[PDB]
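Participant: starting from these lines, generate the structure:
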Amino acid sequence: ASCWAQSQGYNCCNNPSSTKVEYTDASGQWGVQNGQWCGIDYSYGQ
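Facilitator: Numbering: from 1, shown residues only. Next up is the structure itself:
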């Protein structure tokens with residue numbers, strides 16, 4: 001549990017080691033799914 005995107009108010013990508021990152025910003029890397037932005041965190045998914 002470390003969704004860094006939460007700081008701004010974004011969701012979290014399920015399984016970060018398997019979600020092709022489509023986003024990329026100072027928030028790290030993200031993934032797009034269902035047409036919604038999610039924060040990809042290596043510590044997330046715990």
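Participant: and the end-to-end length of stretch 39-46?
Facilitator: One end of stretch 39-46 sits 14 Å from the other (Cα to Cα, to the nearest Å).
Participant: buried residues in that stretch?
Facilitator: Across stretch 39-46, burial judged by 16 or more other Cβ atoms under 10 Å covers 39, 40, 41, 44, 45. From N, CA and C alone the C-beta is placed, and that goes for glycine too.
Participant: now, which of those lie within strands?
Facilitator: Judged by DSSP state E, the buried residues of stretch 39-46 include 39, 40 as members of strands.
Participant: and residue 30, helix, strand or coil?
Facilitator: strand (DSSP: H, G, I helix; E, B strand; the rest coil).
Participant: pretty sure it contacts residue 44?
Facilitator: No - contact status for residue 30 versus residue 44: not in contact, 11.3 Å apart, counting by Cβ atoms under 8 Å.
Participant: joint contacts of the two?
Facilitator: Residues touching both residue 30 and residue 44 (Cβ atoms under 8 Å, 6 or more residues apart in numbering) are residue 13.
Participant: is the closest residue to residue 6 other than its chain neighbours bridged to anything, and to what?
Facilitator: Excluding its sequence neighbours, the residue lying closest to residue 6 (Cβ to Cβ, 6 or more residues apart in numbering) is residue 39, at 6.8 Å. Beta-bridge partners recorded for residue 39 (DSSP bridges): residue 12, residue 30.
Participant: so what's residue 39 up against?
Facilitator: 3, 4, 5, 6, 10, 11, 12, 13, 27, 28, 30.
Participant: between those residues, which has the most around it?
Facilitator: Within the contacts of residue 39, neighbour counts (other Cβ atoms under 10 Å) peak at residue 13, which reaches 27 neighbours.
Participant: ok, that residue touching residue 40?
Facilitator: Yes - with contact defined as Cβ under 8 Å, residue 13 counts as touching residue 40 (4.5 Å).
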